[PDB]
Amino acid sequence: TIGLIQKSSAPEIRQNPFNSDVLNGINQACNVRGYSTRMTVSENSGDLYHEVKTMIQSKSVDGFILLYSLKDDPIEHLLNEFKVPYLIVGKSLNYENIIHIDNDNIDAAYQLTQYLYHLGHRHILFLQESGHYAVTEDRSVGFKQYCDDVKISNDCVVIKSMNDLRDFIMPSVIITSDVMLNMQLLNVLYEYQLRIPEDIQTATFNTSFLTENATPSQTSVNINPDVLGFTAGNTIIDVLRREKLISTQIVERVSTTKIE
């Protein structure tokens, strides 16, 4: 049995297409090798720590896959204190020599902004999801890195809530660090009658049914989560008796278009 540690089981997190795809990848690998799986169910970090600890002491799992990366994560200290095997789907920031499978999110973001720049965009706004997770930080860094390279504004705003998003409401295109925040952005733009792409363009990360069928279809970065999961599943099985990066691609849709 492999333990799958999600940062949270809360609706806004578990319902993210990313979780579904990564899990599908892992199940594909584990099924073929006679392994079952177990997912954490805690909604907050405090419970997650004691849930994962209860998991380690009850020996209900053989190894873990950490489905997120967080600087100074109590969970990683826990796993290391009890010498349990594990790997991360994201960047390794707390312990050296830990196996981690991830996309080069800084590059993914650098490339996305570059693509938009070449469409004619000069005023780009990056909406960052709340929290201090490595992936969000990596994407904001890539965005600001490109903006500094071509000397354009680098407005980066952290959205704490739907109301904070409304009050924040001009850039020619808005990039959101994740699809769930993107859905909220489209909602607010529709409320304020800002037509896409006529009045404003938008782009986000993680291609899925949600971006393809959004209102309107969203240009996004495909991070191939299926591959991340399959790789994570196989690699941890290998461990139980290194940095692997998965490529990304830009999927052009209705939300972006050449501007003059």
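Each residue number is its position in the shown sequence, starting from 1.
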Subject >> Count class of deposited residues lacking coordinates, residue 241 to residue 242 >> reply: 4 to 9
Subject >> Gap size between residue 158 and residue 157, counted in deposited residues that the entry leaves unmodelled >> reply: none
**OP:** Check the entry's C-alpha temperature factors for 213-221 and 61-69, then say which stretch has the higher mean.
**Re:** 61-69
Original post:
Do the C-alpha atoms of 35-43 or of 200-208 have the higher average B factor in the entry?
Top reply: 35-43
Subject >> Highest-ranked of 184, 163, 172, 136 once sorted by CA temperature factor in the record >> reply: 163
Original post:
Which of these has the highest Cα B-factor in the record: 90, 120, 74, 131?
Top reply: 131
Original post:
Compared with the other modelled residues in the chain, in which third is the CA B-factor of residue 82?
Top reply: highest
Original post:
Relative to the other modelled residues in the chain, which third contains the C-alpha temperature factor of residue 49: lowest, middle or highest?
Top reply: lowest
**OP:** Could you look up the Cα B-factor of residue 1 in the entry and say which third of the chain it sits in: lowest, middle or highest?
**Re:** highest
Original post:
Looking at the C-alpha B-factor of residue 107, is it in the lowest, middle or highest third of its chain?
Top reply: middle
Original post:
What third of its chain, lowest, middle or highest, does the C-alpha temperature factor of residue 146 fall into?
Top reply: middle
